[PDB]
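Consider the single chain below, provided in structure tokens and representing the form deposited in one PDB entry.
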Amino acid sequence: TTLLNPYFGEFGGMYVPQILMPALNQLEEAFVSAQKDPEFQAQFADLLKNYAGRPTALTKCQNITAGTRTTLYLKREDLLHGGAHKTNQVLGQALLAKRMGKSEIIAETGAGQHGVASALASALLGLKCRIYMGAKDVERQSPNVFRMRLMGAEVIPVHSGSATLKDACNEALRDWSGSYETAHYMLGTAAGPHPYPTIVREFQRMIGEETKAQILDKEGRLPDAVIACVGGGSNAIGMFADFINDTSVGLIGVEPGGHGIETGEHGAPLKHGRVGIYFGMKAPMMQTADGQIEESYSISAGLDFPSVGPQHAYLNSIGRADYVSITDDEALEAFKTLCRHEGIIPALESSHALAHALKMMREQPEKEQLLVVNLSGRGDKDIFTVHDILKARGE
């Protein structure tokens, strides 16, 4: 029994060991109670505004669209305290944790942005934070490891499996199954068992809400499309949510194509995997023919995850949202182009969305289109990784 629907069509549910069901039901109940609690809403709103810096800017590109009929705005989640959208829902979940009397936080992280958000929230709100991070990601997103430890969080490297995001996810869930009485699992994307996909959407939807208000004010109309990258699905559903009922607005999610879909080294389960059960949910998974979970790959740690949130799987199935993929190299080009021509250093994750927007424009340069890309993070964590790659090329 639940208070809210755990499914989005066929997708979602609560596929966890029985031991964890009361924790999930408790969390669902606290979320439902908090949503109608004016005190909670005011506290959340105050943290978003005065601590995290909402509303974030909506920036019109001045240069990169020159000579085309594309108008492109960037929703500036890179300006949020912490440096990515991940901070929004962490603040909300942290308040839920305290509401349920939990004193500890467990979180997985890959880009380290969710880990930084969890650490900073735990420092402010008096929680003891431990973060699981794939050892590969500890290296390629090292600046965030330093930030997390500086804020007093315990960062635990995970060497098992691919030593990336799904392996951190596995460890976080194993830990929580033993510590749920005192620890809240601050899941960092819109995936996992219910009620996480719902809570994460609801604590990110201010992205799309602001975007709509902003684009209305500046352009007098809705966008032709909003474009976001998709690793687990939080920044995308946060952008998409307030536009779902505006049928004229394209909802475009961008999965990482890695070295190319044909190489099998990608992170695009929604369009190139098949439905399966793992990490507490029924959702598209990269999986072998006999049902073992495949390892994903992406240049960006934040997209290096072989499944995807169930609401995206649903929106795709009914054709309300469209999903595409963008490769490492395409993402790198978009990264460079934004740095050099708009003076913004985007996260490599966000660069996948920008890259797809630049394709839409370049492929059809006389097509009138008003586009918003969710610029989900800043690229500070990525500058050394990108430098080494660009240098190893000869640039």
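C-alpha atoms forming the largest set that superposes within 1.5 Å between two forms make up the rigid core. In case it trips you up, residue 1 is the first one in the sequence shown, and so on.
One more form of this protein, deposited in another entry, exists but is not displayed; see below.
With the two forms fitted on their core, the C-alpha shifts between this form and the one not shown stay under 2 Å for all of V275, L96, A135, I244 except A135.
Once both forms are fitted on their rigid core, the CA atom of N144 lies 2 Å or more apart between this form and the one not shown. Relative to the superposed core, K218 undergoes a C-alpha shift smaller than 2 Å between this form and the one not shown.
Annotation: Cα of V158 displaced by at least 2 Å between this form and the one not shown, core superposition.
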